[PDB]
Each structure stands twice: as C-alpha cells, then as structure tokens.
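> Supplied structure: final15.cif, mmCIF, N, CA, C and O atoms.
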data_data
#
loop_
_atom_site.group_PDB
_atom_site.id
_atom_site.type_symbol
_atom_site.label_atom_id
_atom_site.label_comp_id
_atom_site.auth_asym_id
_atom_site.auth_seq_id
_atom_site.Cartn_x
_atom_site.Cartn_y
_atom_site.Cartn_z
ATOM 1 N N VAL A 1 0.843 -1.189 0.000
ATOM 2 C CA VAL A 1 0.000 0.000 0.000
ATOM 3 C C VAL A 1 0.880 1.241 0.000
ATOM 4 O O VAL A 1 2.087 1.160 0.256
ATOM 5 N N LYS A 2 0.280 2.399 -0.285
ATOM 6 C CA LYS A 2 1.043 3.639 -0.363
ATOM 7 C C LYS A 2 1.599 4.071 0.987
ATOM 8 O O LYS A 2 2.533 4.880 1.024
ATOM 9 N N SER A 3 1.048 3.558 2.085
ATOM 10 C CA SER A 3 1.524 3.866 3.432
ATOM 11 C C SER A 3 1.526 5.367 3.714
ATOM 12 O O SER A 3 0.742 6.119 3.135
ATOM 13 N N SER A 4 10.414 0.461 32.366
ATOM 14 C CA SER A 4 9.525 0.027 31.295
ATOM 15 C C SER A 4 9.927 -1.346 30.769
ATOM 16 O O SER A 4 10.744 -1.455 29.856
ATOM 17 N N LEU A 5 9.351 -2.392 31.356
ATOM 18 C CA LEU A 5 9.618 -3.746 30.897
ATOM 19 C C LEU A 5 9.120 -3.938 29.470
ATOM 20 O O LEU A 5 8.070 -3.421 29.079
ATOM 21 N N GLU A 6 9.897 -4.680 28.687
ATOM 22 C CA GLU A 6 9.508 -4.972 27.316
ATOM 23 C C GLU A 6 8.206 -5.763 27.298
ATOM 24 O O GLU A 6 8.007 -6.683 28.095
ATOM 25 N N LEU A 7 7.310 -5.386 26.384
ATOM 26 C CA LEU A 7 5.974 -5.973 26.369
ATOM 27 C C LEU A 7 6.009 -7.449 25.997
ATOM 28 O O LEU A 7 5.215 -8.242 26.516
ATOM 29 N N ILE A 8 6.902 -7.833 25.083
ATOM 30 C CA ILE A 8 6.919 -9.215 24.600
ATOM 31 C C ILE A 8 7.246 -10.214 25.705
ATOM 32 O O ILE A 8 6.550 -11.238 25.803
ATOM 33 N N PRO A 9 8.276 -10.013 26.540
ATOM 34 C CA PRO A 9 8.507 -10.980 27.629
ATOM 35 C C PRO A 9 7.353 -11.085 28.613
ATOM 36 O O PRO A 9 6.997 -12.197 29.024
ATOM 37 N N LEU A 10 6.759 -9.955 29.007
ATOM 38 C CA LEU A 10 5.627 -10.006 29.926
ATOM 39 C C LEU A 10 4.453 -10.747 29.307
ATOM 40 O O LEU A 10 3.799 -11.559 29.973
ATOM 41 N N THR A 11 4.172 -10.481 28.031
ATOM 42 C CA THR A 11 3.086 -11.176 27.355
ATOM 43 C C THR A 11 3.365 -12.669 27.264
ATOM 44 O O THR A 11 2.460 -13.488 27.454
ATOM 45 N N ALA A 12 4.613 -13.044 26.979
ATOM 46 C CA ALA A 12 4.955 -14.460 26.908
ATOM 47 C C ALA A 12 4.766 -15.139 28.257
ATOM 48 O O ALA A 12 4.213 -16.245 28.333
ATOM 49 N N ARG A 13 5.212 -14.491 29.336
ATOM 50 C CA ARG A 13 5.039 -15.071 30.664
ATOM 51 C C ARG A 13 3.565 -15.211 31.015
ATOM 52 O O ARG A 13 3.140 -16.245 31.547
ATOM 53 N N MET A 14 2.767 -14.182 30.718
ATOM 54 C CA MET A 14 1.341 -14.248 31.016
ATOM 55 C C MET A 14 0.663 -15.352 30.219
ATOM 56 O O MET A 14 -0.184 -16.077 30.749
ATOM 57 N N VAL A 15 1.021 -15.494 28.940
ATOM 58 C CA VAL A 15 0.415 -16.531 28.111
ATOM 59 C C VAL A 15 0.784 -17.912 28.631
ATOM 60 O O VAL A 15 -0.064 -18.810 28.702
ATOM 61 N N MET A 16 2.052 -18.110 28.999
ATOM 62 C CA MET A 16 2.459 -19.407 29.530
ATOM 63 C C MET A 16 1.723 -19.728 30.823
ATOM 64 O O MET A 16 1.231 -20.849 31.003
ATOM 65 N N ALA A 17 1.621 -18.753 31.730
ATOM 66 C CA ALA A 17 0.911 -18.992 32.983
ATOM 67 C C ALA A 17 -0.560 -19.299 32.735
ATOM 68 O O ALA A 17 -1.122 -20.217 33.345
ATOM 69 N N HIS A 18 -1.199 -18.543 31.839
ATOM 70 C CA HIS A 18 -2.610 -18.762 31.548
ATOM 71 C C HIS A 18 -2.840 -20.139 30.942
ATOM 72 O O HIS A 18 -3.784 -20.843 31.318
ATOM 73 N N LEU A 19 -1.984 -20.541 30.001
ATOM 74 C CA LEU A 19 -2.119 -21.860 29.395
ATOM 75 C C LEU A 19 -1.914 -22.963 30.422
ATOM 76 O O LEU A 19 -2.634 -23.966 30.413
ATOM 77 N N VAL A 20 -0.935 -22.803 31.313
ATOM 78 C CA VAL A 20 -0.697 -23.829 32.322
ATOM 79 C C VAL A 20 -1.886 -23.935 33.269
ATOM 80 O O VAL A 20 -2.312 -25.039 33.630
ATOM 81 N N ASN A 21 -2.458 -22.799 33.669
ATOM 82 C CA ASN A 21 -3.497 -22.819 34.693
ATOM 83 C C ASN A 21 -4.859 -23.208 34.124
ATOM 84 O O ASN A 21 -5.445 -24.217 34.528
ATOM 85 N N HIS A 22 -5.379 -22.420 33.184
ATOM 86 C CA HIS A 22 -6.793 -22.489 32.834
ATOM 87 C C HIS A 22 -7.109 -23.394 31.648
ATOM 88 O O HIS A 22 -8.289 -23.568 31.331
ATOM 89 N N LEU A 23 -6.113 -23.975 30.985
ATOM 90 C CA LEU A 23 -6.394 -24.812 29.820
ATOM 91 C C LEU A 23 -7.095 -26.086 30.269
ATOM 92 O O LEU A 23 -6.514 -26.906 30.986
ATOM 93 N N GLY A 24 -8.344 -26.256 29.846
ATOM 94 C CA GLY A 24 -9.138 -27.391 30.257
ATOM 95 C C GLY A 24 -9.820 -27.243 31.599
ATOM 96 O O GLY A 24 -10.530 -28.166 32.017
ATOM 97 N N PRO B 1 -19.588 -27.070 32.248
ATOM 98 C CA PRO B 1 -18.444 -27.155 33.162
ATOM 99 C C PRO B 1 -17.483 -28.268 32.775
ATOM 100 O O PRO B 1 -17.863 -29.269 32.163
ATOM 101 N N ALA B 2 -16.219 -28.077 33.143
ATOM 102 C CA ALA B 2 -15.189 -29.062 32.854
ATOM 103 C C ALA B 2 -15.340 -30.284 33.756
ATOM 104 O O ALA B 2 -15.919 -30.222 34.844
ATOM 105 N N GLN B 3 -14.802 -31.410 33.289
ATOM 106 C CA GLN B 3 -14.896 -32.677 34.004
ATOM 107 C C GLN B 3 -13.540 -33.165 34.500
ATOM 108 O O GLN B 3 -13.371 -33.412 35.697
ATOM 109 N N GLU B 4 -12.565 -33.314 33.608
ATOM 110 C CA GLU B 4 -11.259 -33.818 33.999
ATOM 111 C C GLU B 4 -10.413 -32.706 34.611
ATOM 112 O O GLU B 4 -10.662 -31.515 34.410
ATOM 113 N N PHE B 5 -9.397 -33.113 35.369
ATOM 114 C CA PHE B 5 -8.523 -32.160 36.046
ATOM 115 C C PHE B 5 -7.113 -32.725 36.106
ATOM 116 O O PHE B 5 -6.899 -33.801 36.671
ATOM 117 N N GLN B 6 -6.157 -31.999 35.524
ATOM 118 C CA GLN B 6 -4.738 -32.323 35.654
ATOM 119 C C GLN B 6 -4.172 -31.435 36.757
ATOM 120 O O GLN B 6 -3.501 -30.433 36.511
ATOM 121 N N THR B 7 -4.453 -31.824 38.001
ATOM 122 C CA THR B 7 -4.137 -30.979 39.146
ATOM 123 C C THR B 7 -2.635 -30.806 39.351
ATOM 124 O O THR B 7 -2.221 -29.864 40.034
ATOM 125 N N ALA B 8 -1.812 -31.681 38.767
ATOM 126 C CA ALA B 8 -0.372 -31.626 39.006
ATOM 127 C C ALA B 8 0.230 -30.318 38.505
ATOM 128 O O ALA B 8 1.035 -29.683 39.199
ATOM 129 N N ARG B 9 -0.143 -29.901 37.293
ATOM 130 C CA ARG B 9 0.401 -28.657 36.760
ATOM 131 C C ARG B 9 -0.099 -27.457 37.553
ATOM 132 O O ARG B 9 0.646 -26.495 37.767
ATOM 133 N N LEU B 10 -1.351 -27.507 38.014
ATOM 134 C CA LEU B 10 -1.867 -26.444 38.870
ATOM 135 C C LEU B 10 -1.052 -26.338 40.151
ATOM 136 O O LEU B 10 -0.690 -25.238 40.582
ATOM 137 N N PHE B 11 -0.749 -27.481 40.770
ATOM 138 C CA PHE B 11 0.020 -27.467 42.010
ATOM 139 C C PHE B 11 1.425 -26.930 41.783
ATOM 140 O O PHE B 11 1.917 -26.114 42.571
ATOM 141 N N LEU B 12 2.090 -27.376 40.714
ATOM 142 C CA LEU B 12 3.439 -26.881 40.449
ATOM 143 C C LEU B 12 3.444 -25.387 40.151
ATOM 144 O O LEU B 12 4.324 -24.662 40.627
ATOM 145 N N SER B 13 2.474 -24.903 39.374
ATOM 146 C CA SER B 13 2.500 -23.503 38.967
ATOM 147 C C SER B 13 2.082 -22.571 40.098
ATOM 148 O O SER B 13 2.630 -21.471 40.229
ATOM 149 N N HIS B 14 1.113 -22.986 40.917
ATOM 150 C CA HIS B 14 0.601 -22.104 41.961
ATOM 151 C C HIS B 14 1.664 -21.795 43.008
ATOM 152 O O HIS B 14 1.779 -20.651 43.462
ATOM 153 N N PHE B 15 2.454 -22.792 43.400
ATOM 154 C CA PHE B 15 3.463 -22.585 44.430
ATOM 155 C C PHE B 15 4.713 -21.888 43.914
ATOM 156 O O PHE B 15 5.596 -21.567 44.716
ATOM 157 N N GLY B 16 4.814 -21.647 42.609
ATOM 158 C CA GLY B 16 5.960 -20.969 42.046
ATOM 159 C C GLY B 16 7.142 -21.853 41.720
ATOM 160 O O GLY B 16 8.187 -21.332 41.312
ATOM 161 N N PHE B 17 7.017 -23.171 41.889
ATOM 162 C CA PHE B 17 8.112 -24.066 41.532
ATOM 163 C C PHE B 17 8.376 -24.044 40.032
ATOM 164 O O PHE B 17 9.532 -24.088 39.597
ATOM 165 N N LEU B 18 7.318 -23.973 39.229
ATOM 166 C CA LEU B 18 7.421 -24.103 37.779
ATOM 167 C C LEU B 18 7.666 -22.729 37.166
ATOM 168 O O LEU B 18 6.787 -21.863 37.192
ATOM 169 N N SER B 19 8.858 -22.535 36.609
ATOM 170 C CA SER B 19 9.211 -21.284 35.951
ATOM 171 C C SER B 19 10.377 -21.543 35.011
ATOM 172 O O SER B 19 11.042 -22.579 35.087
ATOM 173 N N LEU B 20 10.614 -20.582 34.114
ATOM 174 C CA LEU B 20 11.701 -20.724 33.150
ATOM 175 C C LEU B 20 13.057 -20.751 33.841
ATOM 176 O O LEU B 20 13.934 -21.539 33.469
ATOM 177 N N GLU B 21 13.252 -19.895 34.845
ATOM 178 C CA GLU B 21 14.520 -19.881 35.566
ATOM 179 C C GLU B 21 14.742 -21.187 36.318
ATOM 180 O O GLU B 21 15.866 -21.697 36.373
ATOM 181 N N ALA B 22 13.680 -21.740 36.907
ATOM 182 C CA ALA B 22 13.815 -22.984 37.656
ATOM 183 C C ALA B 22 14.244 -24.132 36.753
ATOM 184 O O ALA B 22 15.091 -24.947 37.134
ATOM 185 N N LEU B 23 13.673 -24.215 35.554
ATOM 186 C CA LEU B 23 13.998 -25.295 34.633
ATOM 187 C C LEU B 23 15.295 -25.064 33.870
ATOM 188 O O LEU B 23 15.774 -25.990 33.208
ATOM 189 N N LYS B 24 15.866 -23.866 33.942
ATOM 190 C CA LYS B 24 17.070 -23.564 33.181
ATOM 191 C C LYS B 24 18.247 -24.387 33.685
ATOM 192 O O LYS B 24 18.448 -24.540 34.892
ATOM 193 N N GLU B 25 19.023 -24.919 32.750
ATOM 194 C CA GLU B 25 20.192 -25.713 33.111
ATOM 195 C C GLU B 25 21.239 -24.826 33.776
ATOM 196 O O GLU B 25 21.511 -23.724 33.286
ATOM 197 N N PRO B 26 21.836 -25.257 34.886
ATOM 198 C CA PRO B 26 22.884 -24.449 35.517
ATOM 199 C C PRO B 26 24.091 -24.307 34.605
ATOM 200 O O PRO B 26 24.397 -25.186 33.797
ATOM 201 N N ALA B 27 24.779 -23.177 34.742
ATOM 202 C CA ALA B 27 25.940 -22.862 33.922
ATOM 203 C C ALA B 27 27.213 -23.270 34.651
ATOM 204 O O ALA B 27 27.408 -22.911 35.817
ATOM 205 N N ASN B 28 28.071 -24.021 33.957
ATOM 206 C CA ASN B 28 29.363 -24.459 34.490
ATOM 207 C C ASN B 28 29.190 -25.238 35.794
ATOM 208 O O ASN B 28 29.860 -24.980 36.796
ATOM 209 N N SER B 29 28.273 -26.201 35.774
ATOM 210 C CA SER B 29 28.031 -27.049 36.933
ATOM 211 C C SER B 29 27.390 -28.345 36.464
ATOM 212 O O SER B 29 26.892 -28.442 35.340
ATOM 213 N N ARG B 30 27.415 -29.345 37.345
ATOM 214 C CA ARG B 30 26.821 -30.640 37.054
ATOM 215 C C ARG B 30 25.592 -30.947 37.896
ATOM 216 O O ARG B 30 24.931 -31.961 37.644
ATOM 217 N N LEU B 31 25.273 -30.117 38.882
ATOM 218 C CA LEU B 31 24.058 -30.323 39.650
ATOM 219 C C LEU B 31 22.838 -30.091 38.762
ATOM 220 O O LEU B 31 22.843 -29.186 37.922
ATOM 221 N N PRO B 32 21.788 -30.891 38.912
ATOM 222 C CA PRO B 32 20.613 -30.749 38.051
ATOM 223 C C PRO B 32 19.872 -29.459 38.347
ATOM 224 O O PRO B 32 20.040 -28.872 39.426
ATOM 225 N N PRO B 33 19.059 -28.977 37.408
ATOM 226 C CA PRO B 33 18.268 -27.766 37.657
ATOM 227 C C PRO B 33 17.318 -27.945 38.832
ATOM 228 O O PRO B 33 17.120 -29.041 39.361
ATOM 229 N N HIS B 34 16.710 -26.826 39.236
ATOM 230 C CA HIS B 34 15.890 -26.817 40.442
ATOM 231 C C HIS B 34 14.673 -27.722 40.318
ATOM 232 O O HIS B 34 14.147 -28.191 41.333
ATOM 233 N N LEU B 35 14.207 -27.980 39.100
ATOM 234 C CA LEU B 35 13.069 -28.858 38.869
ATOM 235 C C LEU B 35 13.473 -29.955 37.897
ATOM 236 O O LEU B 35 14.065 -29.675 36.851
ATOM 237 N N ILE B 36 13.160 -31.198 38.249
ATOM 238 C CA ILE B 36 13.533 -32.367 37.464
ATOM 239 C C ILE B 36 12.343 -33.311 37.409
ATOM 240 O O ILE B 36 11.663 -33.524 38.418
ATOM 241 N N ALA B 37 12.088 -33.874 36.234
ATOM 242 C CA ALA B 37 11.057 -34.886 36.066
ATOM 243 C C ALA B 37 11.715 -36.252 35.933
ATOM 244 O O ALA B 37 12.611 -36.434 35.105
ATOM 245 N N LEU B 38 11.277 -37.203 36.752
ATOM 246 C CA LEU B 38 11.830 -38.545 36.713
ATOM 247 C C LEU B 38 11.084 -39.389 35.683
ATOM 248 O O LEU B 38 10.213 -38.907 34.956
ATOM 249 N N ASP B 39 11.430 -40.672 35.621
ATOM 250 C CA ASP B 39 10.852 -41.596 34.658
ATOM 251 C C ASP B 39 10.341 -42.831 35.381
ATOM 252 O O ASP B 39 10.975 -43.320 36.319
ATOM 253 N N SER B 40 9.188 -43.330 34.939
ATOM 254 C CA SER B 40 8.605 -44.551 35.478
ATOM 255 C C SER B 40 8.689 -45.715 34.500
ATOM 256 O O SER B 40 8.081 -46.763 34.745
ATOM 257 N N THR B 41 9.423 -45.558 33.397
ATOM 258 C CA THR B 41 9.570 -46.618 32.411
ATOM 259 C C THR B 41 10.941 -47.275 32.417
ATOM 260 O O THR B 41 11.057 -48.419 31.969
ATOM 261 N N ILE B 42 11.969 -46.590 32.902
ATOM 262 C CA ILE B 42 13.299 -47.201 32.994
ATOM 263 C C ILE B 42 13.246 -48.354 33.990
ATOM 264 O O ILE B 42 12.746 -48.173 35.114
ATOM 265 N N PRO B 43 13.724 -49.545 33.631
ATOM 266 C CA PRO B 43 13.643 -50.679 34.559
ATOM 267 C C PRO B 43 14.417 -50.416 35.842
ATOM 268 O O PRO B 43 15.464 -49.765 35.844
ATOM 269 N N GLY B 44 13.881 -50.934 36.945
ATOM 270 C CA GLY B 44 14.507 -50.801 38.241
ATOM 271 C C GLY B 44 14.167 -49.542 39.007
ATOM 272 O O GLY B 44 14.754 -49.311 40.072
ATOM 273 N N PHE B 45 13.250 -48.716 38.504
ATOM 274 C CA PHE B 45 12.896 -47.490 39.214
ATOM 275 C C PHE B 45 12.160 -47.796 40.513
ATOM 276 O O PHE B 45 12.484 -47.238 41.569
ATOM 277 N N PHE B 46 11.165 -48.683 40.456
ATOM 278 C CA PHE B 46 10.412 -49.018 41.660
ATOM 279 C C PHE B 46 11.276 -49.751 42.677
ATOM 280 O O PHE B 46 11.073 -49.597 43.887
ATOM 281 N N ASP B 47 12.245 -50.542 42.213
ATOM 282 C CA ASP B 47 13.172 -51.182 43.139
ATOM 283 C C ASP B 47 13.996 -50.146 43.894
ATOM 284 O O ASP B 47 14.206 -50.273 45.105
ATOM 285 N N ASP B 48 14.460 -49.105 43.202
ATOM 286 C CA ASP B 48 15.195 -48.046 43.884
ATOM 287 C C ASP B 48 14.294 -47.236 44.807
ATOM 288 O O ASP B 48 14.747 -46.761 45.856
ATOM 289 N N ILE B 49 13.022 -47.069 44.444
ATOM 290 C CA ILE B 49 12.082 -46.418 45.353
ATOM 291 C C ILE B 49 11.928 -47.235 46.630
ATOM 292 O O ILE B 49 11.911 -46.688 47.739
#
Show me the file's structure as structure tokens.

Amino acid sequence: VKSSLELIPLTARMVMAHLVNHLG
Amino acid sequence: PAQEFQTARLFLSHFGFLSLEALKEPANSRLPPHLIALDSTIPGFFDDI
C-alpha cells in the first residue's frame, strides 16, 4: 500500500501462565 | 463445566516451583536444575524407590 519492561517478555510469561493454569 | 482435572500442573504452577529460571540448566556445573522430572519406564525405578 502507499503507506519500562519490554511488552513481549511479559506477554509471553502471562500466556504461559494462563495456558498452564486455565487450559481445560 | 469441565470434568477432567490435571491438578499436578496447577500445584506446580501455583506454588511458584514451575518457571523458566527454575527449569534452566545451571551454567558451568553438574548439579541438576531446580526442577527435574523422573521416569517410570526405565527398569529398576520401583526397586530403587
């Protein structure tokens, strides 16, 4: 077309914790 | 509502044992990491228990 902790590590940790806890 | 429960992962994660740092291999050492999973298929495990 013509056109402060880093967010990625925190998001990765949160996703891993959420998957471990609430999956199923 | 859910029926089955894999409570083991809940127990490990809730107490804080399960983490990336805990499972990380130690540097320049031979002691195992803070968390280790054993095996129940290698022969002689129950005898050692």
> Atom C of residue B:16 to atom O of residue B:34: how many Å, to one decimal?
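Between these atoms lies a distance of 9.5 Å.
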> Return as an NGL selection string the residues belonging to chain A that are within 8 Å of chain B, counting all atoms listed in the file.
:A and (17 or 20-24)
> Find the axis-aligned box for stretch 10-21 of chain A, covering all its listed atoms and adding 8 Å on each side, and write its centre and edge lengths in Å to one decimal as JSON.

{"center_x": 0.7, "center_y": -17.5, "center_z": 30.8, "size_x": 28.2, "size_y": 31.1, "size_z": 23.8}
> Take atom N of residue B:22 and atom N of residue B:37 and report the distance between them in Å, one decimal.
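Going from atom N of residue B:22 over to atom N of residue B:37 covers 12.3 Å.
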> Using DSSP secondary structure from the backbone, list all helix (DSSP H, G or I) positions within chain A, as a list in words.
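Taking chain A and keeping helix (DSSP H, G or I) only, one gets residues 7, 8, 9, 10, 11, 12, 13, 14, 15, 16, 17, 18, 19, 20, 21 and 22 of chain A.
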